[PDB]
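In what follows, a single structure is set out as structure tokens and then discussed.
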Amino acid sequence: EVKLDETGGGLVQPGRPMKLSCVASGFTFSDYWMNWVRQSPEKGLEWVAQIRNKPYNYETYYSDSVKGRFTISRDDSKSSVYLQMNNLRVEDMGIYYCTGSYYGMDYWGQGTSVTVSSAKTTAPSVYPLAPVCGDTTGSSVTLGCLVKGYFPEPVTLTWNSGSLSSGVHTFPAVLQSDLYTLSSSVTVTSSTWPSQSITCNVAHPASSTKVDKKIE
Amino acid sequence: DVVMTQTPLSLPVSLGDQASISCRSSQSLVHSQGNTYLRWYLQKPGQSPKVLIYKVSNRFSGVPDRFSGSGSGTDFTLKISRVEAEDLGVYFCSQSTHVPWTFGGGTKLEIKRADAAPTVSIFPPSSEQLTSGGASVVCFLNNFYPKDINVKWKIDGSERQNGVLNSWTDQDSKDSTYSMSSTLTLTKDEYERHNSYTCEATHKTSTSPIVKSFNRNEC
Ligand SMILES: O=C(O)c1ccccc1-c1c2ccc(=O)cc-2oc2cc(O)ccc12
């Protein structure tokens, strides 16, 4: 029975901010050793900040990576520790995890996500990628749907038409310069399904809107 | 920082098999008191990285029995003595003896199959794209194994462009295959400037390069 909770992250523009709030309910916050560790997406776990407790004077060390820029601090009870990234330099961008320690063990957060860009809530242009100078085509036809230059992060692809069991493989979106680019495909049948149909169905809650692109 | 590394970086095994994932270090994580500070993390998808083992030998509550921690000083090993799929994930070895505290690259547990060579598939710019002044041709290597491929793009027989958005997806459902989409983005200007577009990729199963091609003029 133990909880670490990373309370509040998000968007922030190359530059000068975000104070992060972790909360650990189910141990003597008091007597522990608390810290913040990260692993941007296309990043591995790296270790960021640590502070201790009474017996240790609440020592605090902070890694080079963000030493003198970042800061870790703590308040007992429904004890909330806090990192303070007033100074975000985008490579600082991943999930930031909160963690307890004690004798030898420790538990981790669910983590709070941090994305940082100068970009602006944009919308994706969506294109329909038709089996065009290819062979699988004829036997087995794959069609992709490209959805680009949207922002931020949460767009939804979805398929349609033709009519059966087909092989959709839609890849993790990636961050292009300052906006995301995504794609999807279906290996669907020859002409049977070709001749019937297939519609690419895309949407961004994230604001703007949901568009449809249709193969052919 | 202590160089805390892992061997291998990936691990293809099968549900019944067993693994030794290797972590070794900069110096012996043997602290004074409490002593050896080195932990073992399992991380499953979109998930927090739980730990299975602490201070080498200590297995942590719930951590299933099939799990063990060997080691001494600068050398460590964790062992699945039989991989249920639940065990599927990245395994990291961290050290809490020597500030700054460290995670190794992780070591990815994988179903070990046969199954495949990529079905490359190519796709020329869309009319609307073009009439967007934008032009990106696309390549998909679908359903391959083992993971390692390499994609390349060739304009007019001898290109290299910068404009590539490579995206990747591991499978953890049926066929145990991994797929890859790659994207060349250009101006409508460069697009109507070349004609011979090519997507050439080298793989395990390969021998010779796997290429797909199309021609502004014809394909
Ligand atoms: O191992 C400990 O005695 C201990 C007990 C409670 C809190 C922290 C520690 C602890 C350390 C205590 C003293 C010390 O010099 C070094 C410690 O290092 C730790 C590392 C951990 O990963 C996790 C815990 C520790």
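By convention in this document, the chains of the structure tokens carry letters A, B, ... by their order, each chain's residues are numbered from 1, and ligands are numbered from 1 in the order they are shown.
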Find the spatial neighbours of segment 110-115 of chain B, counting only C-alpha atoms, within a cut-off of 9 Å - ignore same-chain residues fewer than 5 positions away - and output them as a ChimeraX atom specification. /B:10-15,85,88-89,143-146,172,175-177
Taking only residues of chain A that have an atom at most 9 Å from an atom of chain B, what is each one's shortest atom pair and its distance in Å to one decimal, using only C-alpha atoms, in chain and number order, as CSV?
```
residue,atom,partner,partner_atom,distance
A:44,CA,B:105,CA,6.8
A:45,CA,B:103,CA,6.1
A:46,CA,B:103,CA,6.6
A:47,CA,B:101,CA,6.6
A:48,CA,B:100,CA,8.6
A:62,CA,B:100,CA,8.8
A:63,CA,B:100,CA,6.9
A:97,CA,B:48,CA,8.2
A:103,CA,B:34,CA,7.3
A:104,CA,B:55,CA,6.2
A:105,CA,B:54,CA,5.9
A:106,CA,B:51,CA,7.9
A:107,CA,B:50,CA,7.1
A:108,CA,B:48,CA,6.8
A:109,CA,B:48,CA,6.5
A:110,CA,B:48,CA,5.3
A:111,CA,B:48,CA,7.0
A:125,CA,B:129,CA,8.6
A:126,CA,B:129,CA,8.8
A:127,CA,B:126,CA,6.6
A:128,CA,B:126,CA,6.9
A:129,CA,B:123,CA,6.2
A:130,CA,B:123,CA,6.9
A:131,CA,B:123,CA,6.8
A:132,CA,B:123,CA,6.1
A:133,CA,B:219,CA,5.0
A:134,CA,B:121,CA,6.5
A:135,CA,B:121,CA,8.2
A:136,CA,B:121,CA,7.6
A:137,CA,B:121,CA,8.5
A:142,CA,B:121,CA,7.5
A:143,CA,B:123,CA,8.7
A:144,CA,B:123,CA,8.3
A:146,CA,B:138,CA,8.7
A:169,CA,B:179,CA,7.5
A:170,CA,B:169,CA,8.1
A:171,CA,B:169,CA,5.8
A:172,CA,B:167,CA,6.2
A:173,CA,B:167,CA,7.1
A:174,CA,B:167,CA,6.9
A:175,CA,B:165,CA,8.7
A:176,CA,B:165,CA,7.4
A:181,CA,B:165,CA,7.8
A:182,CA,B:167,CA,8.3
A:183,CA,B:181,CA,7.7
A:184,CA,B:181,CA,8.8
A:185,CA,B:140,CA,8.5
A:187,CA,B:142,CA,9.0
```
With only C-alpha atoms as the atoms that count, which of B:160, B:152, B:188, B:194 lies nearest to residue 210 of chain B?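 Among the listed residues, the smallest separation from residue 210 of chain B belongs to B:152.
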Between chain A and ligand 1, at 10 Å or less, what are the per-residue closest atom pairs and their distances in Å? Count only C-alpha atoms and all ligand atoms, order by chain and rising residue number, and return it as a tab-separated table.
```
residue	atom	partner	partner_atom_place_in_ligand_line	distance
A:31	CA	ligand 1	7 (C)	7.5
A:32	CA	ligand 1	7 (C)	5.6
A:33	CA	ligand 1	7 (C)	5.7
A:34	CA	ligand 1	7 (C)	9.3
A:52	CA	ligand 1	8 (C)	7.9
A:53	CA	ligand 1	7 (C)	8.8
A:55	CA	ligand 1	7 (C)	9.9
A:56	CA	ligand 1	13 (C)	8.8
A:100	CA	ligand 1	23 (C)	8.6
A:101	CA	ligand 1	23 (C)	5.0
A:102	CA	ligand 1	6 (C)	3.7
A:103	CA	ligand 1	5 (C)	3.0
A:104	CA	ligand 1	23 (C)	4.5
A:105	CA	ligand 1	23 (C)	6.0
A:106	CA	ligand 1	23 (C)	7.1
```
Could you pull out all residues of chain A with a DSSP call of strand (DSSP E or B) and give them as a compact mmCIF listing (two decimals) with N, CA and C atoms, in the first residue's frame?
```txt
# COMPACT_ATOMS: atom_id res chain seq x y z
N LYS A 3 1.49 5.33 -2.33
CA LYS A 3 1.34 6.09 -3.63
C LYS A 3 2.24 7.28 -3.79
N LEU A 4 2.74 7.40 -4.99
CA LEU A 4 3.54 8.53 -5.51
C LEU A 4 2.62 9.05 -6.64
N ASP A 5 2.43 10.37 -6.61
CA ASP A 5 1.61 11.02 -7.60
C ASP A 5 2.29 12.30 -8.11
N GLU A 6 2.52 12.20 -9.41
CA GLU A 6 3.05 13.36 -10.15
C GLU A 6 1.77 14.09 -10.61
N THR A 7 1.69 15.21 -9.92
CA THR A 7 0.62 16.22 -10.16
C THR A 7 1.30 17.41 -10.90
N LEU A 11 2.38 21.35 -21.51
CA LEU A 11 2.96 22.19 -22.54
C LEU A 11 3.72 23.36 -21.87
N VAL A 12 4.80 23.72 -22.49
CA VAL A 12 5.57 24.88 -22.03
C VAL A 12 6.61 25.22 -23.10
N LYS A 19 6.69 24.15 -12.51
CA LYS A 19 6.88 23.74 -11.16
C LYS A 19 5.98 22.45 -11.16
N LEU A 20 6.55 21.40 -10.69
CA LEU A 20 5.99 20.09 -10.70
C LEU A 20 5.73 19.60 -9.28
N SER A 21 4.56 18.96 -9.20
CA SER A 21 4.04 18.55 -7.90
C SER A 21 3.84 17.10 -7.66
N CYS A 22 4.69 16.42 -6.89
CA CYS A 22 4.50 15.00 -6.56
C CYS A 22 3.99 14.97 -5.09
N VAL A 23 3.26 13.91 -4.84
CA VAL A 23 2.60 13.62 -3.57
C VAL A 23 2.62 12.15 -3.20
N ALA A 24 3.20 11.85 -2.03
CA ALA A 24 3.36 10.42 -1.65
C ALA A 24 2.64 9.93 -0.44
N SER A 25 1.43 9.36 -0.60
CA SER A 25 0.59 8.92 0.52
C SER A 25 0.62 7.44 0.87
N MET A 34 13.50 11.41 -1.26
CA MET A 34 12.57 11.64 -2.40
C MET A 34 13.29 12.24 -3.58
N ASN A 35 12.71 11.92 -4.75
CA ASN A 35 13.48 12.36 -5.99
C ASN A 35 12.63 12.29 -7.25
N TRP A 36 13.21 12.86 -8.32
CA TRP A 36 12.63 12.99 -9.63
C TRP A 36 13.62 12.50 -10.70
N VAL A 37 13.09 11.53 -11.45
CA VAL A 37 13.77 10.84 -12.54
C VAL A 37 12.97 10.88 -13.86
N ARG A 38 13.69 10.96 -14.98
CA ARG A 38 12.97 11.15 -16.27
C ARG A 38 13.34 10.16 -17.35
N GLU A 46 16.90 8.63 -16.84
CA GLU A 46 18.04 9.41 -16.39
C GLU A 46 17.58 9.92 -15.01
N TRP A 47 18.48 10.36 -14.17
CA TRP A 47 18.10 10.78 -12.81
C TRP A 47 18.37 12.28 -12.63
N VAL A 48 17.36 12.93 -12.08
CA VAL A 48 17.29 14.37 -12.00
C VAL A 48 17.55 15.06 -10.69
N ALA A 49 16.62 14.86 -9.73
CA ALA A 49 16.77 15.55 -8.43
C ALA A 49 16.56 14.61 -7.25
N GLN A 50 17.33 14.92 -6.19
CA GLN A 50 17.08 14.22 -4.91
C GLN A 50 17.36 15.12 -3.68
N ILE A 51 16.44 14.89 -2.74
CA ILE A 51 16.44 15.51 -1.42
C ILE A 51 16.16 14.41 -0.39
N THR A 60 20.09 18.23 -0.34
CA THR A 60 19.60 18.26 -1.72
C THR A 60 20.78 18.37 -2.72
N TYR A 61 20.73 17.34 -3.59
CA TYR A 61 21.59 17.37 -4.78
C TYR A 61 20.60 17.23 -5.98
N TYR A 62 21.09 17.83 -7.04
CA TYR A 62 20.51 18.00 -8.34
C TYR A 62 21.54 17.69 -9.44
N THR A 71 14.87 22.58 -9.72
CA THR A 71 14.91 22.34 -8.27
C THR A 71 13.74 21.56 -7.65
N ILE A 72 14.20 20.66 -6.77
CA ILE A 72 13.62 19.69 -5.90
C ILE A 72 13.46 20.22 -4.48
N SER A 73 12.32 20.05 -3.87
CA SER A 73 12.06 20.48 -2.48
C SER A 73 10.87 19.71 -1.94
N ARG A 74 10.64 19.73 -0.65
CA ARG A 74 9.61 18.88 0.00
C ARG A 74 8.82 19.41 1.17
N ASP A 75 7.53 18.97 1.26
CA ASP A 75 6.70 19.34 2.44
C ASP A 75 5.99 18.09 2.98
N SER A 80 4.08 16.45 -0.15
CA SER A 80 4.25 16.69 -1.64
C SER A 80 5.65 17.27 -1.83
N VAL A 81 6.37 16.60 -2.72
CA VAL A 81 7.72 17.00 -3.14
C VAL A 81 7.43 17.73 -4.50
N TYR A 82 8.41 18.49 -4.89
CA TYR A 82 8.23 19.41 -6.02
C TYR A 82 9.53 19.65 -6.77
N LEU A 83 9.39 19.61 -8.10
CA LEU A 83 10.57 19.92 -8.97
C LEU A 83 10.15 21.26 -9.62
N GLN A 84 11.15 22.01 -10.00
CA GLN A 84 10.85 23.43 -10.41
C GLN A 84 11.83 23.69 -11.55
N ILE A 95 8.64 12.07 -19.61
CA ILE A 95 7.76 11.90 -18.46
C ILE A 95 8.80 12.10 -17.29
N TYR A 96 8.28 12.81 -16.33
CA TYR A 96 9.11 13.06 -15.11
C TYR A 96 8.35 12.20 -14.07
N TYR A 97 9.16 11.41 -13.40
CA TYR A 97 8.73 10.46 -12.41
C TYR A 97 9.21 10.94 -11.02
N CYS A 98 8.34 10.63 -10.10
CA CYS A 98 8.50 10.89 -8.68
C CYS A 98 8.75 9.52 -8.00
N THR A 99 9.65 9.60 -7.01
CA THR A 99 10.07 8.36 -6.35
C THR A 99 10.48 8.50 -4.89
N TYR A 102 14.12 4.25 0.80
CA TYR A 102 13.95 3.68 2.15
C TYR A 102 14.70 2.38 2.29
N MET A 105 14.79 -0.13 -0.78
CA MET A 105 13.80 -0.28 -1.89
C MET A 105 13.40 1.05 -2.46
N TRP A 108 8.01 4.21 -7.54
CA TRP A 108 7.86 5.13 -8.63
C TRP A 108 6.41 5.59 -8.84
N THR A 112 4.38 12.23 -14.63
CA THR A 112 3.77 13.38 -15.31
C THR A 112 4.53 13.80 -16.57
N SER A 113 3.77 13.84 -17.66
CA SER A 113 4.28 14.18 -19.00
C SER A 113 4.47 15.70 -19.23
N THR A 115 6.04 18.13 -22.34
CA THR A 115 6.28 18.37 -23.78
C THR A 115 6.62 19.87 -23.85
N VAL A 116 7.55 20.26 -24.66
CA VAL A 116 7.91 21.68 -24.72
C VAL A 116 8.24 22.19 -26.12
N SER A 125 -2.86 18.30 -41.65
CA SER A 125 -3.31 18.05 -43.06
C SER A 125 -3.24 16.51 -43.23
N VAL A 126 -4.30 15.92 -43.70
CA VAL A 126 -4.42 14.49 -43.97
C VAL A 126 -4.59 14.07 -45.43
N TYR A 127 -3.69 13.20 -45.86
CA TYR A 127 -3.51 12.68 -47.20
C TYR A 127 -3.82 11.19 -47.30
N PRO A 128 -4.33 10.83 -48.48
CA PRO A 128 -4.69 9.45 -48.83
C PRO A 128 -3.74 8.70 -49.75
N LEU A 129 -2.95 7.77 -49.23
CA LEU A 129 -1.87 7.11 -49.92
C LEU A 129 -2.25 5.74 -50.54
N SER A 140 -2.29 -8.41 -52.90
CA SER A 140 -2.49 -7.80 -51.64
C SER A 140 -2.18 -6.29 -51.71
N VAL A 141 -3.20 -5.53 -51.38
CA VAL A 141 -3.07 -4.03 -51.54
C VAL A 141 -3.01 -3.39 -50.18
N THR A 142 -1.95 -2.59 -49.95
CA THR A 142 -1.74 -1.77 -48.80
C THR A 142 -1.90 -0.28 -49.35
N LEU A 143 -2.64 0.36 -48.47
CA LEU A 143 -2.93 1.79 -48.62
C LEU A 143 -2.52 2.44 -47.30
N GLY A 144 -1.81 3.53 -47.36
CA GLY A 144 -1.50 4.27 -46.12
C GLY A 144 -2.26 5.61 -46.13
N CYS A 145 -2.42 6.16 -44.95
CA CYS A 145 -3.03 7.47 -44.68
C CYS A 145 -1.95 8.28 -43.94
N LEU A 146 -1.57 9.42 -44.54
CA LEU A 146 -0.56 10.28 -43.88
C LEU A 146 -1.27 11.45 -43.24
N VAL A 147 -1.00 11.78 -41.99
CA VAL A 147 -1.64 12.88 -41.28
C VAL A 147 -0.50 13.67 -40.59
N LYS A 148 -0.35 14.89 -41.01
CA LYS A 148 0.81 15.71 -40.65
C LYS A 148 0.55 17.12 -40.17
N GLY A 149 1.67 17.73 -39.73
CA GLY A 149 1.74 19.10 -39.27
C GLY A 149 0.63 19.50 -38.32
N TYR A 150 0.07 18.55 -37.61
CA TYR A 150 -0.90 18.81 -36.55
C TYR A 150 -0.05 18.91 -35.27
N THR A 156 -6.40 10.91 -33.76
CA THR A 156 -6.97 9.55 -33.82
C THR A 156 -7.14 9.11 -35.24
N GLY A 167 -5.04 -5.76 -42.44
CA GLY A 167 -3.83 -5.60 -41.58
C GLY A 167 -3.49 -4.12 -41.51
N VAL A 168 -3.98 -3.55 -40.43
CA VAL A 168 -3.78 -2.12 -40.15
C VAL A 168 -2.50 -2.14 -39.28
N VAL A 174 5.44 11.06 -34.62
CA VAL A 174 6.79 11.58 -34.25
C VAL A 174 6.70 13.10 -34.43
N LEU A 175 7.56 13.76 -33.72
CA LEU A 175 7.71 15.19 -33.66
C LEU A 175 8.75 15.70 -34.66
N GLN A 176 8.18 16.34 -35.69
CA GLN A 176 8.85 16.94 -36.82
C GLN A 176 9.11 18.42 -36.50
N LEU A 179 6.02 20.01 -34.82
CA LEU A 179 4.66 19.44 -34.89
C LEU A 179 4.72 17.96 -35.24
N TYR A 180 3.67 17.21 -34.95
CA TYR A 180 3.60 15.79 -35.20
C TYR A 180 3.16 15.28 -36.56
N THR A 181 3.69 14.11 -36.87
CA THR A 181 3.43 13.51 -38.25
C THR A 181 3.15 12.08 -37.96
N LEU A 182 2.10 11.55 -38.56
CA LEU A 182 1.57 10.21 -38.39
C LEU A 182 1.11 9.53 -39.69
N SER A 183 0.98 8.21 -39.62
CA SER A 183 0.59 7.39 -40.76
C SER A 183 0.06 6.03 -40.33
N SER A 184 -0.74 5.51 -41.22
CA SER A 184 -1.49 4.25 -41.00
C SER A 184 -1.50 3.41 -42.27
N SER A 185 -1.56 2.07 -42.14
CA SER A 185 -1.83 1.33 -43.40
C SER A 185 -2.70 0.10 -43.24
N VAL A 186 -3.36 -0.25 -44.38
CA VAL A 186 -4.08 -1.53 -44.46
C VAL A 186 -3.60 -2.39 -45.68
N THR A 187 -3.12 -3.59 -45.25
CA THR A 187 -2.92 -4.63 -46.33
C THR A 187 -4.35 -5.22 -46.28
N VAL A 188 -5.04 -5.06 -47.36
CA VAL A 188 -6.42 -5.44 -47.61
C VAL A 188 -6.36 -6.13 -48.97
N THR A 189 -7.34 -6.90 -49.36
CA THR A 189 -7.32 -7.69 -50.57
C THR A 189 -7.32 -6.94 -51.90
N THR A 199 -12.02 3.92 -46.61
CA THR A 199 -11.99 5.26 -46.09
C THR A 199 -11.20 5.42 -44.78
N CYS A 200 -10.21 6.32 -44.90
CA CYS A 200 -9.36 6.75 -43.80
C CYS A 200 -10.06 7.85 -42.98
N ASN A 201 -10.22 7.60 -41.71
CA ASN A 201 -11.00 8.47 -40.81
C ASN A 201 -10.18 9.01 -39.67
N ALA A 203 -9.10 12.32 -36.77
CA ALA A 203 -9.77 13.37 -35.94
C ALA A 203 -8.91 13.94 -34.84
N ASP A 212 -11.67 13.35 -42.96
CA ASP A 212 -11.80 12.07 -43.66
C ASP A 212 -11.03 12.19 -44.99
N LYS A 213 -10.38 11.09 -45.29
CA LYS A 213 -9.66 11.00 -46.62
C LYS A 213 -10.10 9.63 -47.06
N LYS A 214 -10.21 9.44 -48.35
CA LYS A 214 -10.89 8.25 -48.93
C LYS A 214 -10.00 7.76 -50.08
```
Near residue 69 of chain A, within 8 Å and counting only C-alpha atoms, which residues show up once chain neighbours fewer than 2 positions away are dropped, as an MDAnalysis selection string? chainID A and resid 66:67 71 85:87
Under the rule that only C-alpha atoms are counted, which of A:216, A:197, A:15, A:79 is the nearest residue to residue 159 of chain A? A:197
